[PDB]
>>> print(open('start-v1.json').read())   # JSON, N, CA and C atoms
[["chain", "number", "residue", "atom", "x", "y", "z"],
["B", 163, "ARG", "N", 32.12, -4.30, 29.71],
["B", 163, "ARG", "CA", 31.09, -3.40, 30.22],
["B", 163, "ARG", "C", 30.53, -2.54, 29.08],
["B", 164, "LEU", "N", 31.39, -1.72, 28.46],
["B", 164, "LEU", "CA", 30.97, -0.89, 27.35],
["B", 164, "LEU", "C", 31.15, -1.61, 26.02],
["B", 165, "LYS", "N", 32.11, -2.54, 25.91],
["B", 165, "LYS", "CA", 32.33, -3.32, 24.70],
["B", 165, "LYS", "C", 31.08, -4.15, 24.37],
["B", 166, "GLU", "N", 30.51, -4.84, 25.39],
["B", 166, "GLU", "CA", 29.31, -5.66, 25.22],
["B", 166, "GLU", "C", 28.08, -4.82, 24.87],
["B", 167, "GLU", "N", 27.88, -3.67, 25.54],
["B", 167, "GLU", "CA", 26.75, -2.78, 25.26],
["B", 167, "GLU", "C", 26.87, -2.17, 23.85],
["B", 168, "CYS", "N", 28.10, -1.93, 23.39],
["B", 168, "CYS", "CA", 28.34, -1.37, 22.08],
["B", 168, "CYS", "C", 28.17, -2.41, 20.97],
["B", 169, "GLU", "N", 28.48, -3.68, 21.24],
["B", 169, "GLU", "CA", 28.25, -4.76, 20.28],
["B", 169, "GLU", "C", 26.73, -4.98, 20.12],
["B", 170, "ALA", "N", 25.99, -4.90, 21.25],
["B", 170, "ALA", "CA", 24.54, -5.07, 21.29],
["B", 170, "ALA", "C", 23.86, -3.92, 20.55],
["B", 171, "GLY", "N", 24.36, -2.70, 20.74],
["B", 171, "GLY", "CA", 23.87, -1.52, 20.05],
["B", 171, "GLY", "C", 24.06, -1.59, 18.54],
["B", 172, "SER", "N", 25.21, -2.10, 18.06],
["B", 172, "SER", "CA", 25.44, -2.21, 16.61],
["B", 172, "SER", "C", 24.54, -3.29, 15.97],
["B", 173, "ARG", "N", 24.19, -4.34, 16.74],
["B", 173, "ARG", "CA", 23.26, -5.36, 16.26],
["B", 173, "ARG", "C", 21.83, -4.78, 16.22],
["B", 174, "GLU", "N", 21.47, -3.99, 17.23],
["B", 174, "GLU", "CA", 20.17, -3.33, 17.27],
["B", 174, "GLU", "C", 20.04, -2.28, 16.15],
["B", 175, "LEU", "N", 21.14, -1.60, 15.81],
["B", 175, "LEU", "CA", 21.13, -0.61, 14.72],
["B", 175, "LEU", "C", 20.87, -1.30, 13.38],
["B", 176, "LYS", "N", 21.52, -2.46, 13.15],
["B", 176, "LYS", "CA", 21.31, -3.27, 11.93],
["B", 176, "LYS", "C", 19.81, -3.66, 11.80],
["B", 177, "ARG", "N", 19.19, -4.14, 12.89],
["B", 177, "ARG", "CA", 17.77, -4.48, 12.87],
["B", 177, "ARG", "C", 16.87, -3.24, 12.64],
["B", 178, "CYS", "N", 17.22, -2.10, 13.26],
["B", 178, "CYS", "CA", 16.43, -0.89, 13.12],
["B", 178, "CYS", "C", 16.43, -0.38, 11.67],
["B", 179, "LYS", "N", 17.59, -0.47, 11.00],
["B", 179, "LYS", "CA", 17.70, -0.03, 9.60],
["B", 179, "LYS", "C", 16.87, -0.95, 8.66],
["B", 180, "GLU", "N", 16.86, -2.26, 8.96],
["B", 180, "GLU", "CA", 16.04, -3.23, 8.21],
["B", 180, "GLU", "C", 14.56, -2.92, 8.39],
["B", 181, "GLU", "N", 14.15, -2.60, 9.63],
["B", 181, "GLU", "CA", 12.78, -2.23, 9.95],
["B", 181, "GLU", "C", 12.40, -0.93, 9.27],
["B", 182, "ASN", "N", 13.32, 0.03, 9.15],
["B", 182, "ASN", "CA", 13.04, 1.31, 8.50],
["B", 182, "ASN", "C", 12.71, 1.09, 7.03],
["B", 183, "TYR", "N", 13.46, 0.22, 6.35],
["B", 183, "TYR", "CA", 13.21, -0.06, 4.93],
["B", 183, "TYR", "C", 11.85, -0.75, 4.76],
["B", 184, "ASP", "N", 11.54, -1.69, 5.66],
["B", 184, "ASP", "CA", 10.29, -2.43, 5.64],
["B", 184, "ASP", "C", 9.11, -1.48, 5.86],
["B", 185, "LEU", "N", 9.22, -0.56, 6.83],
["B", 185, "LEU", "CA", 8.17, 0.42, 7.11],
["B", 185, "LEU", "C", 7.95, 1.33, 5.91],
["B", 186, "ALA", "N", 9.03, 1.79, 5.28],
["B", 186, "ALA", "CA", 8.91, 2.66, 4.10],
["B", 186, "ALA", "C", 8.16, 1.97, 2.97],
["B", 187, "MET", "N", 8.45, 0.68, 2.71],
["B", 187, "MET", "CA", 7.78, -0.06, 1.64],
["B", 187, "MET", "C", 6.29, -0.28, 1.95],
["B", 188, "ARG", "N", 5.99, -0.59, 3.22],
["B", 188, "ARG", "CA", 4.62, -0.81, 3.66],
["B", 188, "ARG", "C", 3.83, 0.50, 3.57],
["B", 189, "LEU", "N", 4.45, 1.63, 3.93],
["B", 189, "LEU", "CA", 3.83, 2.94, 3.85],
["B", 189, "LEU", "C", 3.48, 3.31, 2.40],
["B", 190, "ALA", "N", 4.40, 3.11, 1.47],
["B", 190, "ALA", "CA", 4.17, 3.39, 0.05],
["B", 190, "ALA", "C", 3.02, 2.48, -0.48],
["B", 191, "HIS", "N", 3.00, 1.20, -0.11],
["B", 191, "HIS", "CA", 1.94, 0.27, -0.51],
["B", 191, "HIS", "C", 0.54, 0.70, 0.00],
["B", 192, "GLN", "N", 0.46, 1.04, 1.30],
["B", 192, "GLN", "CA", -0.80, 1.50, 1.88],
["B", 192, "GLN", "C", -1.25, 2.81, 1.24],
["B", 193, "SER", "N", -0.33, 3.73, 0.91],
["B", 193, "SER", "CA", -0.71, 5.01, 0.28],
["B", 193, "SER", "C", -1.32, 4.75, -1.10],
["B", 194, "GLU", "N", -0.75, 3.81, -1.87],
["B", 194, "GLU", "CA", -1.30, 3.47, -3.19],
["B", 194, "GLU", "C", -2.71, 2.86, -3.03],
["B", 195, "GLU", "N", -2.86, 1.95, -2.06],
["B", 195, "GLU", "CA", -4.15, 1.31, -1.82],
["B", 195, "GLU", "C", -5.17, 2.31, -1.32],
["B", 196, "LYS", "N", -4.76, 3.29, -0.50],
["B", 196, "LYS", "CA", -5.66, 4.33, 0.00],
["B", 196, "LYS", "C", -6.13, 5.20, -1.18],
["B", 197, "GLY", "N", -5.19, 5.58, -2.04],
["B", 197, "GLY", "CA", -5.49, 6.35, -3.24],
["B", 197, "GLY", "C", -6.47, 5.64, -4.15],
["B", 198, "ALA", "N", -6.29, 4.31, -4.34],
["B", 198, "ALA", "CA", -7.23, 3.55, -5.16],
["B", 198, "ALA", "C", -8.64, 3.51, -4.53],
["B", 199, "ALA", "N", -8.72, 3.31, -3.21],
["B", 199, "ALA", "CA", -10.02, 3.27, -2.50],
["B", 199, "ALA", "C", -10.73, 4.61, -2.57],
["B", 200, "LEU", "N", -9.99, 5.71, -2.44],
["B", 200, "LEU", "CA", -10.57, 7.04, -2.50],
["B", 200, "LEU", "C", -11.04, 7.37, -3.89],
["B", 201, "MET", "N", -10.38, 6.87, -4.94],
["B", 201, "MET", "CA", -10.81, 7.10, -6.31],
["B", 201, "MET", "C", -12.13, 6.37, -6.55],
["B", 202, "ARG", "N", -12.24, 5.12, -6.07],
["B", 202, "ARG", "CA", -13.47, 4.33, -6.19],
["B", 202, "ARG", "C", -14.62, 5.06, -5.47],
["B", 203, "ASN", "N", -14.34, 5.64, -4.29],
["B", 203, "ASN", "CA", -15.30, 6.40, -3.51],
["B", 203, "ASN", "C", -15.83, 7.61, -4.27],
["B", 204, "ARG", "N", -14.94, 8.35, -4.94],
["B", 204, "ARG", "CA", -15.34, 9.52, -5.72],
["B", 204, "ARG", "C", -16.27, 9.12, -6.86],
["B", 205, "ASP", "N", -15.95, 8.02, -7.56],
["B", 205, "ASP", "CA", -16.77, 7.51, -8.67],
["B", 205, "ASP", "C", -18.16, 7.08, -8.19],
["B", 206, "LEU", "N", -18.22, 6.39, -7.04],
["B", 206, "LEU", "CA", -19.50, 5.95, -6.46],
["B", 206, "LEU", "C", -20.34, 7.15, -6.03],
["B", 207, "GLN", "N", -19.71, 8.16, -5.42],
["B", 207, "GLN", "CA", -20.43, 9.35, -4.99],
["B", 207, "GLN", "C", -21.04, 10.09, -6.19],
["B", 208, "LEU", "N", -20.31, 10.14, -7.30],
["B", 208, "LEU", "CA", -20.79, 10.76, -8.53],
["B", 208, "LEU", "C", -22.01, 10.01, -9.07],
["B", 209, "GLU", "N", -22.03, 8.66, -8.99],
["B", 209, "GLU", "CA", -23.14, 7.83, -9.45],
["B", 209, "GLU", "C", -24.40, 8.12, -8.64],
["B", 210, "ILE", "N", -24.27, 8.18, -7.30],
["B", 210, "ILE", "CA", -25.36, 8.46, -6.36],
["B", 210, "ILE", "C", -25.98, 9.83, -6.61],
["B", 211, "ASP", "N", -25.14, 10.85, -6.81],
["B", 211, "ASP", "CA", -25.59, 12.21, -7.05],
["B", 211, "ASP", "C", -26.45, 12.34, -8.32],
["B", 212, "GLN", "N", -26.20, 11.47, -9.31],
["B", 212, "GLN", "CA", -26.97, 11.45, -10.56],
["B", 212, "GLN", "C", -28.33, 10.76, -10.39],
["B", 213, "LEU", "N", -28.44, 9.82, -9.44],
["B", 213, "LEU", "CA", -29.69, 9.09, -9.21],
["B", 213, "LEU", "C", -30.61, 9.80, -8.21],
["B", 214, "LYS", "N", -30.02, 10.40, -7.17],
["B", 214, "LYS", "CA", -30.78, 11.09, -6.13],
["B", 214, "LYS", "C", -31.12, 12.52, -6.55],
["I", 160, "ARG", "N", 43.59, 3.28, 19.76],
["I", 160, "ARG", "CA", 42.53, 2.35, 19.35],
["I", 160, "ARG", "C", 41.33, 2.43, 20.29],
["I", 161, "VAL", "N", 41.58, 2.56, 21.61],
["I", 161, "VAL", "CA", 40.55, 2.66, 22.65],
["I", 161, "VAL", "C", 39.65, 3.89, 22.46],
["I", 162, "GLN", "N", 40.26, 5.05, 22.23],
["I", 162, "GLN", "CA", 39.51, 6.28, 22.01],
["I", 162, "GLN", "C", 38.75, 6.27, 20.68],
["I", 163, "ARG", "N", 39.26, 5.55, 19.67],
["I", 163, "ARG", "CA", 38.59, 5.43, 18.37],
["I", 163, "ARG", "C", 37.30, 4.62, 18.50],
["I", 164, "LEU", "N", 37.35, 3.44, 19.15],
["I", 164, "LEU", "CA", 36.14, 2.62, 19.31],
["I", 164, "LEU", "C", 35.12, 3.27, 20.24],
["I", 165, "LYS", "N", 35.56, 4.14, 21.17],
["I", 165, "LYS", "CA", 34.66, 4.87, 22.07],
["I", 165, "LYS", "C", 33.80, 5.83, 21.23],
["I", 166, "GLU", "N", 34.43, 6.60, 20.34],
["I", 166, "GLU", "CA", 33.72, 7.54, 19.49],
["I", 166, "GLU", "C", 32.74, 6.80, 18.57],
["I", 167, "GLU", "N", 33.20, 5.72, 17.92],
["I", 167, "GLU", "CA", 32.39, 4.92, 17.00],
["I", 167, "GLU", "C", 31.14, 4.38, 17.66],
["I", 168, "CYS", "N", 31.27, 3.96, 18.92],
["I", 168, "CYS", "CA", 30.19, 3.44, 19.73],
["I", 168, "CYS", "C", 29.20, 4.54, 20.11],
["I", 169, "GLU", "N", 29.72, 5.72, 20.48],
["I", 169, "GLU", "CA", 28.88, 6.87, 20.81],
["I", 169, "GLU", "C", 28.06, 7.32, 19.59],
["I", 170, "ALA", "N", 28.70, 7.29, 18.40],
["I", 170, "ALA", "CA", 28.08, 7.66, 17.13],
["I", 170, "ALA", "C", 26.95, 6.68, 16.77],
["I", 171, "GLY", "N", 27.18, 5.39, 17.01],
["I", 171, "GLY", "CA", 26.19, 4.35, 16.74],
["I", 171, "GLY", "C", 24.99, 4.46, 17.67],
["I", 172, "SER", "N", 25.23, 4.80, 18.94],
["I", 172, "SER", "CA", 24.16, 4.98, 19.92],
["I", 172, "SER", "C", 23.25, 6.18, 19.54],
["I", 173, "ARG", "N", 23.84, 7.20, 18.90],
["I", 173, "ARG", "CA", 23.10, 8.36, 18.45],
["I", 173, "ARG", "C", 22.33, 8.03, 17.17],
["I", 174, "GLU", "N", 22.95, 7.27, 16.25],
["I", 174, "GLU", "CA", 22.29, 6.86, 15.01],
["I", 174, "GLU", "C", 21.10, 5.91, 15.31],
["I", 175, "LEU", "N", 21.23, 5.05, 16.32],
["I", 175, "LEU", "CA", 20.15, 4.13, 16.69],
["I", 175, "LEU", "C", 18.96, 4.92, 17.24],
["I", 176, "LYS", "N", 19.24, 5.94, 18.07],
["I", 176, "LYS", "CA", 18.21, 6.81, 18.64],
["I", 176, "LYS", "C", 17.42, 7.51, 17.52],
["I", 177, "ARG", "N", 18.13, 7.98, 16.49],
["I", 177, "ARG", "CA", 17.56, 8.65, 15.33],
["I", 177, "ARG", "C", 16.68, 7.68, 14.53],
["I", 178, "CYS", "N", 17.18, 6.47, 14.32],
["I", 178, "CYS", "CA", 16.49, 5.45, 13.56],
["I", 178, "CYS", "C", 15.19, 5.03, 14.25],
["I", 179, "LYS", "N", 15.20, 4.87, 15.58],
["I", 179, "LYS", "CA", 14.01, 4.49, 16.32],
["I", 179, "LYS", "C", 12.95, 5.58, 16.27],
["I", 180, "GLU", "N", 13.35, 6.86, 16.35],
["I", 180, "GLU", "CA", 12.43, 7.99, 16.24],
["I", 180, "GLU", "C", 11.77, 8.03, 14.85],
["I", 181, "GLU", "N", 12.58, 7.80, 13.79],
["I", 181, "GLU", "CA", 12.07, 7.77, 12.42],
["I", 181, "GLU", "C", 11.11, 6.61, 12.21],
["I", 182, "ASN", "N", 11.45, 5.45, 12.80],
["I", 182, "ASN", "CA", 10.63, 4.25, 12.67],
["I", 182, "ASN", "C", 9.29, 4.46, 13.35],
["I", 183, "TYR", "N", 9.24, 5.13, 14.52],
["I", 183, "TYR", "CA", 7.99, 5.41, 15.23],
["I", 183, "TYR", "C", 7.10, 6.30, 14.38],
["I", 184, "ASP", "N", 7.68, 7.33, 13.75],
["I", 184, "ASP", "CA", 6.95, 8.24, 12.87],
["I", 184, "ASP", "C", 6.36, 7.50, 11.67],
["I", 185, "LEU", "N", 7.15, 6.62, 11.04],
["I", 185, "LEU", "CA", 6.69, 5.86, 9.88],
["I", 185, "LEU", "C", 5.57, 4.91, 10.30],
["I", 186, "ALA", "N", 5.69, 4.27, 11.48],
["I", 186, "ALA", "CA", 4.65, 3.37, 11.98],
["I", 186, "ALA", "C", 3.33, 4.10, 12.20],
["I", 187, "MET", "N", 3.36, 5.30, 12.77],
["I", 187, "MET", "CA", 2.14, 6.08, 12.98],
["I", 187, "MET", "C", 1.51, 6.53, 11.67],
["I", 188, "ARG", "N", 2.34, 6.91, 10.68],
["I", 188, "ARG", "CA", 1.83, 7.30, 9.39],
["I", 188, "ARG", "C", 1.24, 6.08, 8.63],
["I", 189, "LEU", "N", 1.85, 4.90, 8.79],
["I", 189, "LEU", "CA", 1.39, 3.66, 8.17],
["I", 189, "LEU", "C", 0.04, 3.29, 8.75],
["I", 190, "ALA", "N", -0.09, 3.39, 10.09],
["I", 190, "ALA", "CA", -1.34, 3.11, 10.79],
["I", 190, "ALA", "C", -2.45, 4.08, 10.31],
["I", 191, "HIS", "N", -2.12, 5.35, 10.12],
["I", 191, "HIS", "CA", -3.07, 6.35, 9.63],
["I", 191, "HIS", "C", -3.55, 6.05, 8.21],
["I", 192, "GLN", "N", -2.64, 5.77, 7.27],
["I", 192, "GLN", "CA", -3.01, 5.47, 5.89],
["I", 192, "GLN", "C", -3.87, 4.19, 5.80],
["I", 193, "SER", "N", -3.52, 3.15, 6.58],
["I", 193, "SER", "CA", -4.30, 1.91, 6.59],
["I", 193, "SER", "C", -5.72, 2.17, 7.11],
["I", 194, "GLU", "N", -5.84, 2.99, 8.16],
["I", 194, "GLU", "CA", -7.15, 3.31, 8.75],
["I", 194, "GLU", "C", -7.98, 4.08, 7.73],
["I", 195, "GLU", "N", -7.37, 5.06, 7.04],
["I", 195, "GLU", "CA", -8.06, 5.83, 6.01],
["I", 195, "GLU", "C", -8.51, 4.97, 4.84],
["I", 196, "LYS", "N", -7.68, 4.00, 4.43],
["I", 196, "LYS", "CA", -8.06, 3.10, 3.35],
["I", 196, "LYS", "C", -9.27, 2.25, 3.79],
["I", 197, "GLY", "N", -9.19, 1.72, 5.01],
["I", 197, "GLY", "CA", -10.26, 0.92, 5.59],
["I", 197, "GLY", "C", -11.58, 1.67, 5.66],
["I", 198, "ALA", "N", -11.51, 2.94, 6.09],
["I", 198, "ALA", "CA", -12.70, 3.77, 6.18],
["I", 198, "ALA", "C", -13.33, 4.00, 4.81],
["I", 199, "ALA", "N", -12.49, 4.26, 3.78],
["I", 199, "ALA", "CA", -12.95, 4.47, 2.42],
["I", 199, "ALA", "C", -13.61, 3.20, 1.87],
["I", 200, "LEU", "N", -13.04, 2.01, 2.15],
["I", 200, "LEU", "CA", -13.63, 0.76, 1.66],
["I", 200, "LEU", "C", -15.02, 0.51, 2.28],
["I", 201, "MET", "N", -15.21, 0.90, 3.53],
["I", 201, "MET", "CA", -16.49, 0.74, 4.22],
["I", 201, "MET", "C", -17.54, 1.70, 3.62],
["I", 202, "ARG", "N", -17.13, 2.96, 3.34],
["I", 202, "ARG", "CA", -18.03, 3.91, 2.71],
["I", 202, "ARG", "C", -18.41, 3.44, 1.31],
["I", 203, "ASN", "N", -17.46, 2.84, 0.58],
["I", 203, "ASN", "CA", -17.69, 2.30, -0.75],
["I", 203, "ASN", "C", -18.78, 1.24, -0.73],
["I", 204, "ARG", "N", -18.74, 0.35, 0.26],
["I", 204, "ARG", "CA", -19.73, -0.71, 0.39],
["I", 204, "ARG", "C", -21.13, -0.11, 0.61],
["I", 205, "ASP", "N", -21.23, 0.87, 1.50],
["I", 205, "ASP", "CA", -22.49, 1.56, 1.82],
["I", 205, "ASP", "C", -23.04, 2.32, 0.61],
["I", 206, "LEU", "N", -22.17, 2.98, -0.15],
["I", 206, "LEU", "CA", -22.58, 3.71, -1.35],
["I", 206, "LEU", "C", -23.09, 2.75, -2.41],
["I", 207, "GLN", "N", -22.42, 1.58, -2.58],
["I", 207, "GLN", "CA", -22.87, 0.61, -3.57],
["I", 207, "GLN", "C", -24.26, 0.08, -3.23],
["I", 208, "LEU", "N", -24.52, -0.15, -1.94],
["I", 208, "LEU", "CA", -25.83, -0.60, -1.48],
["I", 208, "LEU", "C", -26.93, 0.45, -1.79],
["I", 209, "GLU", "N", -26.61, 1.75, -1.63],
["I", 209, "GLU", "CA", -27.53, 2.85, -1.91],
["I", 209, "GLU", "C", -27.88, 2.89, -3.38],
["I", 210, "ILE", "N", -26.85, 2.76, -4.27],
["I", 210, "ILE", "CA", -27.00, 2.78, -5.72],
["I", 210, "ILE", "C", -27.91, 1.66, -6.21],
["I", 211, "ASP", "N", -27.70, 0.46, -5.68],
["I", 211, "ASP", "CA", -28.47, -0.73, -6.05],
["I", 211, "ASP", "C", -29.98, -0.54, -5.77],
["I", 212, "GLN", "N", -30.33, 0.27, -4.76],
["I", 212, "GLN", "CA", -31.72, 0.54, -4.42],
["I", 212, "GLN", "C", -32.35, 1.61, -5.35],
["I", 213, "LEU", "N", -31.53, 2.50, -5.92],
["I", 213, "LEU", "CA", -32.02, 3.58, -6.76],
["I", 213, "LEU", "C", -32.14, 3.25, -8.25],
["I", 214, "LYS", "N", -31.24, 2.42, -8.81],
["I", 214, "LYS", "CA", -31.27, 2.16, -10.25],
["I", 214, "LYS", "C", -32.40, 1.20, -10.66]]
>>> encode(input="start-v1.json", output="structure tokens")
Amino acid sequence: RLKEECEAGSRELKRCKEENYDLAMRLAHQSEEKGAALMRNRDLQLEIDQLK
Amino acid sequence: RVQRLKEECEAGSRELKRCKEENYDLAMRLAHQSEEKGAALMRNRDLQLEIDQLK
């Protein structure tokens, strides 16, 4: 009754910890890509301001 | 032995609850950063089109 639910919980904890590491890596990757896109945006806005 | 595995199981159920809450937070922050990157790339395309008409 509780032995089976506790074995299932420890397997779910193993998967949750794997997902946590995966989410952290994906978050760091998206933050770098967002930073690169925003830098390109600043440079383009500066170009427009000089022409207009 | 019975009381030891009971505690260990209760501790794991609490750690899983914590991990799922952290994972939900990371997922929402990941979704936010991806949306912001996407929005910036779309503005970049529009700005490049504007520049090409002015130079």
>>> atom_distance(input="start-v1.json", atom1="atom CA of residue I:192", atom2="atom N of residue B:199")
11.0 Å
>>> interface_residues(input="start-v1.json", of="chain I", to="chain B", cutoff="9 Å", atoms="only C-alpha atoms", output="CSV table (one decimal) with N, CA and C atoms, keeping the file's coordinate frame")
chain,number,residue,atom,x,y,z
I,164,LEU,N,37.4,3.4,19.2
I,164,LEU,CA,36.1,2.6,19.3
I,164,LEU,C,35.1,3.3,20.2
I,165,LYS,N,35.6,4.1,21.2
I,165,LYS,CA,34.7,4.9,22.1
I,165,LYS,C,33.8,5.8,21.2
I,168,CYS,N,31.3,4.0,18.9
I,168,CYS,CA,30.2,3.4,19.7
I,168,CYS,C,29.2,4.5,20.1
I,169,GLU,N,29.7,5.7,20.5
I,169,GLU,CA,28.9,6.9,20.8
I,169,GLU,C,28.1,7.3,19.6
I,171,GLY,N,27.2,5.4,17.0
I,171,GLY,CA,26.2,4.4,16.7
I,171,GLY,C,25.0,4.5,17.7
I,172,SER,N,25.2,4.8,18.9
I,172,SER,CA,24.2,5.0,19.9
I,172,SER,C,23.2,6.2,19.5
I,174,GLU,N,23.0,7.3,16.2
I,174,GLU,CA,22.3,6.9,15.0
I,174,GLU,C,21.1,5.9,15.3
I,175,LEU,N,21.2,5.0,16.3
I,175,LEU,CA,20.2,4.1,16.7
I,175,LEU,C,19.0,4.9,17.2
I,176,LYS,N,19.2,5.9,18.1
I,176,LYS,CA,18.2,6.8,18.6
I,176,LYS,C,17.4,7.5,17.5
I,178,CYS,N,17.2,6.5,14.3
I,178,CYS,CA,16.5,5.4,13.6
I,178,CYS,C,15.2,5.0,14.2
I,179,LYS,N,15.2,4.9,15.6
I,179,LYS,CA,14.0,4.5,16.3
I,179,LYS,C,13.0,5.6,16.3
I,181,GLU,N,12.6,7.8,13.8
I,181,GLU,CA,12.1,7.8,12.4
I,181,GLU,C,11.1,6.6,12.2
I,182,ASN,N,11.4,5.4,12.8
I,182,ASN,CA,10.6,4.2,12.7
I,182,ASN,C,9.3,4.5,13.4
I,185,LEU,N,7.2,6.6,11.0
I,185,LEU,CA,6.7,5.9,9.9
I,185,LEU,C,5.6,4.9,10.3
I,186,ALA,N,5.7,4.3,11.5
I,186,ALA,CA,4.6,3.4,12.0
I,186,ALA,C,3.3,4.1,12.2
I,188,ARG,N,2.3,6.9,10.7
I,188,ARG,CA,1.8,7.3,9.4
I,188,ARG,C,1.2,6.1,8.6
I,189,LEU,N,1.8,4.9,8.8
I,189,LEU,CA,1.4,3.7,8.2
I,189,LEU,C,0.0,3.3,8.8
I,190,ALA,N,-0.1,3.4,10.1
I,190,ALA,CA,-1.3,3.1,10.8
I,190,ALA,C,-2.4,4.1,10.3
I,192,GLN,N,-2.6,5.8,7.3
I,192,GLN,CA,-3.0,5.5,5.9
I,192,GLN,C,-3.9,4.2,5.8
I,193,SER,N,-3.5,3.2,6.6
I,193,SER,CA,-4.3,1.9,6.6
I,193,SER,C,-5.7,2.2,7.1
I,194,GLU,N,-5.8,3.0,8.2
I,194,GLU,CA,-7.2,3.3,8.8
I,194,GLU,C,-8.0,4.1,7.7
I,195,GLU,N,-7.4,5.1,7.0
I,195,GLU,CA,-8.1,5.8,6.0
I,195,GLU,C,-8.5,5.0,4.8
I,196,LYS,N,-7.7,4.0,4.4
I,196,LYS,CA,-8.1,3.1,3.4
I,196,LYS,C,-9.3,2.2,3.8
I,197,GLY,N,-9.2,1.7,5.0
I,197,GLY,CA,-10.3,0.9,5.6
I,197,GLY,C,-11.6,1.7,5.7
I,199,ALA,N,-12.5,4.3,3.8
I,199,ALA,CA,-13.0,4.5,2.4
I,199,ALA,C,-13.6,3.2,1.9
I,200,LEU,N,-13.0,2.0,2.2
I,200,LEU,CA,-13.6,0.8,1.7
I,200,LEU,C,-15.0,0.5,2.3
I,202,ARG,N,-17.1,3.0,3.3
I,202,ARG,CA,-18.0,3.9,2.7
I,202,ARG,C,-18.4,3.4,1.3
I,203,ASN,N,-17.5,2.8,0.6
I,203,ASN,CA,-17.7,2.3,-0.8
I,203,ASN,C,-18.8,1.2,-0.7
I,206,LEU,N,-22.2,3.0,-0.2
I,206,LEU,CA,-22.6,3.7,-1.4
I,206,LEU,C,-23.1,2.8,-2.4
I,207,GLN,N,-22.4,1.6,-2.6
I,207,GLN,CA,-22.9,0.6,-3.6
I,207,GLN,C,-24.3,0.1,-3.2
I,209,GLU,N,-26.6,1.8,-1.6
I,209,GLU,CA,-27.5,2.8,-1.9
I,209,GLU,C,-27.9,2.9,-3.4
I,210,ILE,N,-26.8,2.8,-4.3
I,210,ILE,CA,-27.0,2.8,-5.7
I,210,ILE,C,-27.9,1.7,-6.2
I,213,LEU,N,-31.5,2.5,-5.9
I,213,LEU,CA,-32.0,3.6,-6.8
I,213,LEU,C,-32.1,3.2,-8.2
I,214,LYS,N,-31.2,2.4,-8.8
I,214,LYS,CA,-31.3,2.2,-10.2
I,214,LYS,C,-32.4,1.2,-10.7
>>> atom_distance(input="start-v1.json", atom1="atom N of residue I:205", atom2="atom N of residue B:208")
12.8 Å
>>> axis_aligned_box(input="start-v1.json", around="stretch 171-176 of chain I", padding_each_side="5 Å", output="AutoDock Vina command-line options")
--center_x 22.3 --center_y 6.2 --center_z 17.5 --size_x 19.8 --size_y 14.2 --size_z 14.9
>>> atom_distance(input="start-v1.json", atom1="atom C of residue I:162", atom2="atom CA of residue B:180")
27.6 Å
>>> decode(input="start-v1.json", residues="stretch 199-212 of chain I", atoms="C-alpha atoms", output="PDB file, in the first residue's frame")
ATOM      1  CA  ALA I 199      12.959  41.093 -30.298  1.00  0.00           C
ATOM      2  CA  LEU I 200      13.654  39.049 -33.484  1.00  0.00           C
ATOM      3  CA  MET I 201      10.364  40.282 -35.027  1.00  0.00           C
ATOM      4  CA  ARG I 202      11.193  43.934 -34.171  1.00  0.00           C
ATOM      5  CA  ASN I 203      14.665  43.383 -35.687  1.00  0.00           C
ATOM      6  CA  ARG I 204      13.120  42.276 -38.980  1.00  0.00           C
ATOM      7  CA  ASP I 205      10.823  45.366 -39.063  1.00  0.00           C
ATOM      8  CA  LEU I 206      13.708  47.731 -38.217  1.00  0.00           C
ATOM      9  CA  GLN I 207      15.888  46.229 -40.978  1.00  0.00           C
ATOM     10  CA  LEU I 208      13.071  46.791 -43.495  1.00  0.00           C
ATOM     11  CA  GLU I 209      12.805  50.481 -42.368  1.00  0.00           C
ATOM     12  CA  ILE I 210      16.599  51.005 -42.743  1.00  0.00           C
ATOM     13  CA  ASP I 211      16.642  49.523 -46.261  1.00  0.00           C
ATOM     14  CA  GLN I 212      14.055  52.163 -47.348  1.00  0.00           C
TER      15      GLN I 212
END
